[PDB]
Amino acid sequence: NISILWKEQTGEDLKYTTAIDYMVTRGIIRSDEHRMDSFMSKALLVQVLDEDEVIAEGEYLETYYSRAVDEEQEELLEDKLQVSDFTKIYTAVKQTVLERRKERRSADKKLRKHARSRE
RNA sequence: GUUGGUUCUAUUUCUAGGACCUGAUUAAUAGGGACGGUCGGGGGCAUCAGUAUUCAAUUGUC
């Protein structure tokens, strides 16, 4: 119903607010809500530039369903593929920024305590 | 059922996946073993005691 109201709807500002809310969303219920909001969002990419910031990041039966959701978001385009490649480079840049923060900070045994406590 | 490295996280918190750095019935009014308080002219060594016996000394009496 809220996606129906968002399609019925500061138009571009509220659309960016909805895309920011979907990125803040993206446990199984919230992940299904994120896939539903991405399906309600999918111009084809000129409004969806600021909406694939997390749906491509996800591209454990809930994890298998999330992988099916990522395949659904990838199937459902030249400008969209260009924005997706730029967003992949931006996620690589964010990984570089997090790695730079970690390398400047350097949980030595705590970096393996999670795996030693999991198995 | 003991190390190092990868990526994902929003208001440094706090996070997800690799490698690599010891086997399986019951517990007999069968058994041996441990433990507890014991028990016995049981044994070995060391020690203590007894009054006899023998010997010696000192006497006493015939």
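Backbone-built Cβ (ideal geometry, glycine too); neighbour counts: all protein chains shown. Where a number appears in this text, it was derived from the coordinates with a stated rule and is not lab data.
Numbers below:
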read-out: Distance (nanometres) between label positions extended 7 Å along Cα→Cβ at A:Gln47 and A:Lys109; value: 5.5 nm
read-out: Label point distance in nm, A:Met40-A:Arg101, each placed 7 Å from Cα along Cα→Cβ; value: 3.0 nm
read-out: Span from the the stretch A:24-54 Cα centroid across to the the stretch A:89-119 one, whole angstrom; value: 26 Å
read-out: Total charge dipole magnitude, chain A, about the Cα centre, Cβ charges on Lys, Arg, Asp, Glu only, Debye to nearest 20; value: 1260 debye
read-out: Förster-model FRET efficiency, 22 Å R0, A:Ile29 and A:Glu59, C-beta, rounded to 0.05; value: 0.60
read-out: Paramagnetic label zone (point 7 Å from Cα along Cα-to-C-beta, A:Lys7; backbone N under 14 Å) in the stretch A:25-41; value: A:36-41
